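Here's the letter readout for the chains.
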Amino acid sequence: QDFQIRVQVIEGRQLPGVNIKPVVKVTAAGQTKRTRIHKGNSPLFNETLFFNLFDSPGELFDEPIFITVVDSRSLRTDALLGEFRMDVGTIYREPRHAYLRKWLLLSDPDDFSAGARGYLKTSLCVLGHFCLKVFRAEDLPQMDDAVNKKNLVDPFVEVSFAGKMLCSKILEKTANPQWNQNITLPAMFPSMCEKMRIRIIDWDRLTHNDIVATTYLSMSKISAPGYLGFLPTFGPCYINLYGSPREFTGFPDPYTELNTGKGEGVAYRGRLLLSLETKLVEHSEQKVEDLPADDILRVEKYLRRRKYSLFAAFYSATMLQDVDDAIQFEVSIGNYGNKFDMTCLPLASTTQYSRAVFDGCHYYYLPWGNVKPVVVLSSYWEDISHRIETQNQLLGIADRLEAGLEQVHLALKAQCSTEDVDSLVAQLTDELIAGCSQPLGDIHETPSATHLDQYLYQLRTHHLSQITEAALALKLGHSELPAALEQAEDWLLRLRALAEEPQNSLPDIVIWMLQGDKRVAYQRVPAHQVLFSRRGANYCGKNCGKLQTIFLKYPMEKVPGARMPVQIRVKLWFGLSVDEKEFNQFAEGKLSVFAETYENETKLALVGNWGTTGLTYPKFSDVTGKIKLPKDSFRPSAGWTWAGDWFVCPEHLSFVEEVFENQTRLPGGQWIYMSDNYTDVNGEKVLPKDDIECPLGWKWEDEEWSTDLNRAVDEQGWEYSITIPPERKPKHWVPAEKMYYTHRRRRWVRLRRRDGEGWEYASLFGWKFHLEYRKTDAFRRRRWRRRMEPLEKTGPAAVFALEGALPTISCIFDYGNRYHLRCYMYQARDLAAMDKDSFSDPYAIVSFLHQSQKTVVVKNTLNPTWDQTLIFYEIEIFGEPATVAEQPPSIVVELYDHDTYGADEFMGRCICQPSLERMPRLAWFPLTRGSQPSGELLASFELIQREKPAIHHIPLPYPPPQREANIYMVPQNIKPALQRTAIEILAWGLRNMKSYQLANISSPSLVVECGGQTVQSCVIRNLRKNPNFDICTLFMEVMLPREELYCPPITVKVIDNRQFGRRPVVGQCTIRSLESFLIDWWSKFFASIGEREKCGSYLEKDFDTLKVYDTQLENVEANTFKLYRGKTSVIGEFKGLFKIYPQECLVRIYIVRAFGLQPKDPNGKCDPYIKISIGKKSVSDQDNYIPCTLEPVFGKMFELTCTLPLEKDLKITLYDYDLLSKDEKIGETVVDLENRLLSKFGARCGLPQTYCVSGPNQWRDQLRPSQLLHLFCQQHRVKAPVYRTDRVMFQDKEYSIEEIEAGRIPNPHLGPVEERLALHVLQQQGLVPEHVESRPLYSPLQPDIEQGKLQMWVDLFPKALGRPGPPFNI
Ligand SMILES: [Ca+2]
Ligand SMILES: [Ca+2]
Ligand SMILES: [Ca+2]
Ligand SMILES: [Ca+2]
Ligand SMILES: [Ca+2]
Ligand SMILES: [Ca+2]
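Deposited coordinates in this entry are attributed by the record to cryo-EM, at a stated resolution of 3.54 Å.

Visitor: Where do I start with the overall build of the protein chain in this structure?
Guide: Helix and strand content of the protein chain: 13 helices and 75 strands. Here the C-alpha coordinates of the protein chain stretch approximately 140 × 85 × 75 Å along the principal axes.

Visitor: Would you mind going over the coordination of the calcium ion (ligand 2) with me for this structure?
Guide: Geometrically, a metal with four donors at the corners of a regular tetrahedron has ideal angles of 109.5 degrees, and one with six donors at the corners of a regular octahedron has ideal angles of 90 or 180 degrees. The protein atoms donating to the calcium ion (ligand 2) are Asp144 (OD), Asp144 (OD), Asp154 (OD), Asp202 (OD), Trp203 (O) and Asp204 (OD), with metal-donor distances spanning 2.5 Å. Classification of the site at the calcium ion (ligand 2) rests on its 6 donor atoms, whose angles at the metal span 52 to 157 degrees, yielding the label irregular. Taken as a pair, the calcium ion (ligand 2) and the calcium ion (ligand 1) show a spacing of 3.5 Å, with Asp144 coordinating each metal. With a relative accessible area of 18%, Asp144 lands in the buried category.

Visitor: What's the story with helix 3 (residues 385–413) in this structure? I'm lost.
Guide: Residue pairs spaced three or four apart in an α-helix point in one direction, given the helix's 3.6 residues per turn. In a regular helix each residue adds 1.5 Å, so 29 residues correspond to 42 Å; helix 3 covers 41 Å between its end C-alpha atoms and thus fits that length. Looking at the residues trailing helix 3, positive phi occurs at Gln415, about 60 degrees.

Visitor: Please explain the coordination of the calcium ion (ligand 6) as it appears in this structure.
Guide: Donor atoms from the polypeptide that coordinate the calcium ion (ligand 6) comprise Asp1161 (OD), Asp1161 (OD), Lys1165 (NZ), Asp1167 (OD), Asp1216 (OD) and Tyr1217 (O), at 2.4 to 2.7 Å from the metal. Taken together, the 6 donor atoms coordinating the calcium ion (ligand 6) span angles of 49 to 160 degrees at the metal, a pattern that classifies the geometry as irregular. In this structure the calcium ion (ligand 5) is found 2.7 Å away from the calcium ion (ligand 6), and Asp1161 serves as a bridging donor for the pair. With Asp1161 in the loop between strand 65 (1144–1155) and strand 66 (1168–1174) and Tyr1217 in the loop between strand 69 (1209–1216) and strand 70 (1224–1232), this residue pair connects regions lying 56 residues apart in the sequence. Taking the relative accessible area as the measure of exposure, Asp1161 reaches 7% and is therefore buried. Using a relative accessible area of 25% as the deciding quantity, one classes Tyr1217 as partly exposed.

Visitor: What is the right way to read the nonpolar core from this model?
Guide: Soluble globular proteins: nonpolar side chains tend toward being buried together. Counting 43 residues, the largest nonpolar core has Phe314, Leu320, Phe329, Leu506, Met513, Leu552 and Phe574 as the members making the most contacts within it. If you list the elements that add at least two residues to this core, you get strand 19 (305–318), strand 20 (327–333), strand 23 (371–382), strand 24 (509–515), strand 25 (518–525), strand 27 (567–570) and strand 28 (573–576). In terms of residue count, the dominant contributor to this core is strand 19 (5 residues). Leaving out residues up to four positions away in the same chain, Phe314 has contacts with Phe329, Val331, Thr351, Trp368, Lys372, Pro373, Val375, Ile511, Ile568, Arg569 and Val570. Judged by nonpolar contacts, the second largest core, of 36 residues, contains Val212, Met219, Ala224 and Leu456.

Visitor: Explain empty space enclosed by the protein to me, please; I cannot follow it from the model alone.
Guide: Space left empty within the atom packing is revealed by a probe, the size of a water molecule, rolled over the atoms. Each pocket or cavity is described by its volume, and for the largest cavity that value is around 180 Å³. Surrounding the largest cavity, 16 residues form its lining, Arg1260, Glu1330, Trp1353, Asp1355 and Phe1368 being those nearest its centre. A per-element tally of the lining of the largest cavity places strand 75 (residues 1346–1358) first, with 4 residues. In the lining of the largest cavity, the residues fall into 8 nonpolar, 3 polar and 5 charged.

Visitor: For this particular structure, what's the right way to read the environment of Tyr761?
Guide: Its place among the elements puts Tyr761 in strand 40 (residues 759–762). The contact partners of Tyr761, leaving out residues within four places of it in the chain, are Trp610, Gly756, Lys768, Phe769, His770, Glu772, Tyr773, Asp777, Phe779 and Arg780. Here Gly756 takes part through its backbone nitrogen, which lies 3.1 Å from a polar atom of the side chain of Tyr761.

Visitor: Would you mind going over the side chain of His850 with me for this structure?
Guide: If you trace the backbone, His850 turns up in the loop between strand 46 (842–848) and strand 47 (851–854). With residues up to four places along the chain from it excluded, the contact list for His850 reads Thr318, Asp359, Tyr365, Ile875 and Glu876.

Visitor: Teacher, can you tell me more about the pairing of strand 9 (residues 119–127) here?
Guide: Note on strand geometry: in a regular strand, side chains alternate between the two faces of the sheet. In terms of burial, strand 9 is a largely internal element, 8 of the 9 residues being buried. Here 9 bridges tie strand 1 (residues 2–13) to strand 9, and the two strands are oriented antiparallel to one another. What sits directly across from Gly12, in strand 9, is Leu120. Note: strand 8 (residues 102–105) against strand 9, 4 bridges, orientation antiparallel.

Visitor: Even after reading the chapter, I still don't get the pattern of salt bridges, so can you show me in this structure?
Guide: In a structure, side chains of opposite charge can pair up when their charged atoms sit close to one another. Under the definition given, this model contains 85 salt bridges. Put simply, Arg305 and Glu138 hold a salt bridge, and the shortest N to O gap is 3.2 Å. Taking relative accessible area as the criterion, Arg305 reaches 37% and is therefore assigned partly exposed. The exposure class of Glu138 is buried, given its relative accessible area of 5%. The partner of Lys1359 in a salt bridge is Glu1144, with the nearest N and O atoms 3.1 Å apart. Taken together, the positions of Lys1359 in the segment after strand 75 and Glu1144 in strand 65 put the pair 215 residues apart, joining distant regions of the chain.

Visitor: Explain the packing of helix 4 (residues 418–436) against helix 5 (residues 451–476) here, please?
Guide: For any two helices packed against each other, one specifies the inter-axial angle together with the distance between the axes. Orientation of helix 4 relative to helix 5, taken along the N-to-C sense of each, is 155 degrees, at an axis distance of 10 Å. Here helix 5 runs roughly antiparallel to helix 4, going by the angle between their axes. The interaxial crossing formed by helix 4 with helix 5 has left-handed handedness. Across the interface between the two elements, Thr429, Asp430, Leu432, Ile433 and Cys436 from helix 4 touch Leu464, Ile467, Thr468, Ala471, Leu472 and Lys475 from helix 5.

Visitor: Even after reading the chapter, I still don't get the sheet that holds strand 9, so can you show me in this structure?
Guide: Strand pairs in the sheet, formed through backbone hydrogen bonds, run parallel or antiparallel to each other. Read from one edge of the open sheet, 4 strands run 4-1-9-8, paired in antiparallel fashion. For this open sheet the edge positions go to strand 4 (47–54) and strand 8, each flanked by a neighbour on one side alone. Across this sheet, the average inter-strand angle for adjacent strands is 35 degrees, counted without regard to direction. In the sheet, strand 1 pairs with strand 4 via 8 bridges, with the strands oriented antiparallel. Looking across to strand 4, one finds that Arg6 is bridged to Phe50.

Visitor: Help me understand the packing of aromatic side chains, please; the structure alone is not making it clear to me.
Guide: Aromatic ring pairs: the centre-centre distance and the angle between the two ring planes describe each pair. Summed over the entire model, instances satisfying the criterion amount to 49 aromatic pairs. Seen from their ring centres, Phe130 and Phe161 are 5.6 Å apart, and the 70 degrees between their planes marks the pair as edge-to-face. Judged on exposure class, the residue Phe130 and its partner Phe161 are both buried. Between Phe532 and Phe586, the aromatic rings sit 5.6 Å apart at their centres with planes inclined by 85 degrees, giving edge-to-face as the arrangement.

Visitor: Before we go on, may I ask you to explain a negative patch on the surface in this structure?
Guide: A surface patch of negative charge is lined by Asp690, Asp691, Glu693, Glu703 and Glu704. On the secondary structure map, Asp691 appears in the loop between strand 35 (660–664) and strand 36 (698–700). The exposure class of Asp691 is partly exposed, given its relative accessible area of 38%.

Visitor: How should I be thinking about the sheet that holds strand 10 (residues 130–138) in this particular structure?
Guide: Spatially, 5 strands are ordered 16-17-10-13-18 in an open sheet, and the strand pairing comes out antiparallel. Because the sheet does not close on itself, it has two edges, and the strands there are strand 16 (234–243) and strand 18 (287–290). Going across the sheet, the axis of each strand differs from the next one's by a mean of 25 degrees, ignoring polarity. Strand direction decides the pairing type here: strand 16 and strand 17 (residues 267–278), joined by 7 bridges, are antiparallel.

Visitor: Please explain the side chain of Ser810 as it appears in this structure.
Guide: Along the chain, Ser810 falls in strand 44 (residues 809–812). What makes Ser810 buried here is its relative accessible area of 5%. Side-chain polar atoms of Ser810 contact the side chain of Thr808, separated by 3.4 Å.

Visitor: Just checking my understanding: could you explain helix 5 for this structure?
Guide: With 26 residues, helix 5 should cover 38 Å at 1.5 Å per step; its first-to-last C-alpha distance of 39 Å lies within 8% of that length. One side-chain oxygen of the residue at the start of helix 5 lies 3.1 Å from the amide nitrogen of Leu452, identifying that residue as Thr450.

Calculation notes
- Residues numbered from 1 in each chain as written, not as in the entry; some residues may be left out.
- Chains lettered and ligands numbered in written order.
- Heavy atoms only, no water.
- Residues with missing side-chain atoms left out of burial classes, pairs and counts.
- Helix = DSSP H or I, 4+ residues; strand = E, 2+ residues; numbered from the N terminus.
- Donors = N, O, S within 2.8 Å, 3.2 Å for Na, K, Ca; no water.
- Tetrahedral: all angles 85-135°; square planar, octahedral: opposite > 155°, others 65-115°.
- Buried < 20%, exposed > 50% of the residue type's maximum accessible area, 1.4 Å probe, protein only.
- Expected span 1.5 Å × (residues − 1).
- Core = buried A, V, L, I, M, F, W, Y, C linked by side-chain atoms within 4.5 Å.
- Contact = heavy atoms within 4.5 Å.
- 1 Å grid on protein atoms, 1.4 Å probe; cavity = no way out; pocket = protein on both sides within 12 Å on 5 of 7 lines; lining within 4 Å.
- Points joined across faces, edges and corners; volume = space filled by probe spheres on them.
- Nonpolar A, V, L, I, M, F, W, Y, C, P; charged D, E, K, R; others polar.
- Polar contact = N/O pair within 3.5 Å; in protein donor to acceptor, adjacent residues only side chain to side chain.
- Pairing = 2+ DSSP bridges.
- Salt bridge = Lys/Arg side-chain N within 4 Å of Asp/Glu carboxyl O.
- Axes fitted to C-alpha atoms, helices over the stretch in contact; angles between N-to-C directions.
- Parallel < 35°, antiparallel > 145°, perpendicular 65-115°, else oblique.
- Left-handed = near helix turned anticlockwise from the far one by under 90°.
- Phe/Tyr/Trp six-rings, centres within 6.5 Å; stacked < 30°, edge-to-face > 60°.
- Patch = residues over 30% accessible without salt bridge, like charges linked within 9 Å, V, L, I, M, F, W, Y side chains within 5 Å.
- Areas by Shrake-Rupley, 256 points an atom, 1.4 Å probe, with all protein chains shown as cover.
- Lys, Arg positive; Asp, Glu negative; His and termini not counted.
- Charge placed at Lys NZ, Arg CZ, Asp CG, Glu CD.

Structure follows, in structure tokens:
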């Protein structure tokens, strides 16, 4: 009769106290447990615990569940924060016998009238006012079908907090609505809800109401506890909206769920002007009231719409895959810079279209090179720079605290001594002191200050001055390094939390990729990260003017992703238009805008010479051709001048080339070759697949341009189109084959290794242009440009004044630095398994700017050792030498599983920064498959600046030794120190698992897997009856490193031996560190208690006394491995030994006396009796219950049997008899008897101080003390003893009987002198004396309340050793 309780504890909100480290001590009917340690006032425990107890269901469904959450400081005891006492039967009677995600109150018995001590969210199981004043909105996207231009939206604001929902008035046909309404939320503070849900809703008269956006207001970010505590206030300020893309094409939008609030929004949706105050009364009331004209005038002083100037320098666009057509990049902030509305000036906000080209190993890149496209925008946003200067200062001190923190841990991992790390935490703290004594921006004189700005100003100055005084307290109070470490994360978490600015009305810069009209990949760089301030470097953004590495993501990508789209390096800049002069300090390179015109000519098929025959177009024109533009149509603007003359000009070790194929058929037919069958990468007639040859100085080493199928195509490798009028050629290709299609396109691969005046030509005007004259051309044009640069008296700040141009903007570099990268890739670990053999074939593609390579494949191994250096010869980086050194481009190493058939699969990527050290050591970079880590990689990267730069005209140490020919090896001094170890192995048993895979653990066996040197132990033949391995000793040898960072954790694995190959892998193990593996009998009974009157002269005749343990036995102070699951942790155990060098027993339980019981019954009687459950056996001692006594004398005999480990536990209870009701419980206590046998002392039989054959000290152990010490000599390899009449030898040392009985009476009960002295020697071996356990019980209703004491003593002897002595009476 057993029942089980499942308790799942999720989170807590608004806990009492400050800076706490809470944890939940869940207790079910006296059985205690503990959850995971967490941080802050809002913990996120998410743990699951289980309990079980043996009793009737009528006695288990009345028990309480305890959710006792306490604050647990590292040097302080548990202080109570929450406690409740719900009933198990209130879970059991309800449906599912369970609660699911129920919100719970918290309370404290210090003051129950205080109400909520926070909240909690939990799941059980049983097994067998706010015055929200909304003013206006603007830039709301179209959501009604056209046939007023952009006013196709009917918005109204719905606000829902704490479950109560309200709505605003509808305003039809307006993209800039003017509500000016007040909505009073009746939610009493606090509640279970923390975050406010606000949606603008497009009203529809006939269909369902579409959703515009959803923004969130976290109340803890706008409120404080506390005198420095205030009710949540917000506004009047704009909050930005994010969701689906703005382009209303009709149809169901595939990114519809983005604007419902879930996931990061992909595009700007407008903004809401709103405020909130707390008119908090307990008289709950809600209403929507139209404002008078007085409330509108107060918000107009906050809308100081300054002009904002935006800069974006696109340095590189690499890492690119699945390229379709030319790729351009659009920069926008808010609705300014959205290229689909066609309202902007012809400068627009996008880079020019660029066809990607294959980089030579795996990826593609845009070949910008020395010309970087530039996007410059103008916008109108409010002057919120007082807020942004605050949060850039707080984030700035935060990231120098964080980088200094891992700098301290870097020296600790480098084993620097105590005085170097003293200097590192010293320079951490005084630089923190200078950064924090920097004064905050006063907000008192600024009329754009709201209520929340003034409240955060007092909050920030008070709290950061507390950081200052704590830093001075650590400056003289020199504690230990861990004690300063807990403080170090404390001010870091405080500074990051205070740095939140909920009134950030500046929208994030949404940088986009467009492949045609299709928006593909995005990132929202925050506007605070790039905004400029006049006040200095500490108040500027982190990437304000600095080069920023950005990894774009797909829409609705809640993950880092499997296929990364692209990697960009943008030199973003933002700031005031009056502060745009300060861009001159940040800029580098000759910023240019090319004045341009096109002069066109023609030659038809019957002409033969270039002239004007057949050109129905203007001669001098733009790139469109139809619109005339002469040479002097583009002139220098205000601040510009020409920088040159008119001219006629357009813009490593291995490589891999891609070849292409093309065919055609009729509908209903079969595929045949066309005339254009061997063509170029776009599909037009060029030199064939074999006429493209190797250039001079290189050689082929692939035998043939081979077939390829590693792409998104069908089974035959083709992608298919249909013929579309008016041209004779198809237009849109899709990678599936259907019956309609008339053309198809294939691909190929090969590889190789290293040992007319500027005219452009086209087949027809407006058709496909290229830079060379070939046989298919009949039209042409020439590329006039003249370079224009800003005046030197204004610098590169003059680009922002390019308004009224009617052009491309490009940061031309006259030079580029030359660099040389080496990627020391030694080994990896813990990688995912992808193939059917539970292994993988890892090879790592390593990329750096455009150049990429890949390592060799290590076949069928999850712990590869490539030992390979990928050498990137002559990679060029543009910019200043100092700029690219401090901000190197990000090396991204992604691992892939090689498949001989099919396609390769993703294994995980890591982002690393190359070190400029001349020999930088290896480190572990954690691989991620996006949603989870999938291993670690022992790599290192070295980036060397070379001797000379490569000049672009105006239009190293030795290589390492080779492991294999043409494959470089990671060098000797950088390699980890592998060395020869021989390990002696022990395996003796396993303890304490649960069930696994629909069955119990019947016959487990163990395999040791250190470094691939596999050894296997024997099998525990049946663990449920004996948990013992057959064979003790084993041997193995393992290749192992010397430093614990580089060293592999030990992989052990345990497999259940089930029949016919059906063995389940029931567990694994991970050893984190290896530092541990290099006168009558009643005269004796009352003398032990202390009752002299009933003892008599037993004490005065020099007899012994056993130890009556009035408290529990755990007060006595008297290798082990732990089984590991991947997710919760510790599940079981294993016993053995590793030395690194260069089962049934007889039981006799006696229950004799109890005392200290209370009169539980209201008439004053307590009637106790025992109940002990050991396996199948149960005690039904109600037959001999003792009525109406506080101190009963049971005095009974219980002969029993036990087997390890199912019957190793002794749980004993007491119940009090009742008249008509069920016998109520008194208490319980437990002992685990396995550790008494497991100990090397052999502490099973407690030792009397002298040996006696009979009498009170009559022997009980299976062997006499001489044979016991001889057993100690065989077990611990001590030399065998020699016994005489008077003296006894141990460790060949001579001990005599006068050490025992000097001044003591030689009682006639005493046995042989050999047994007296040998028993004395085991007393010197640390053996416990004789045991009687008078263990205090504990209340199930309260684990801190004792419930009397219960005296007992237990015999336990495994029958294989011998026959124990006969029992005696009590
Ligand atoms: Ca609609
Ligand atoms: Ca509508
Ligand atoms: Ca595979
Ligand atoms: Ca594979
Ligand atoms: Ca009773
Ligand atoms: Ca009673």
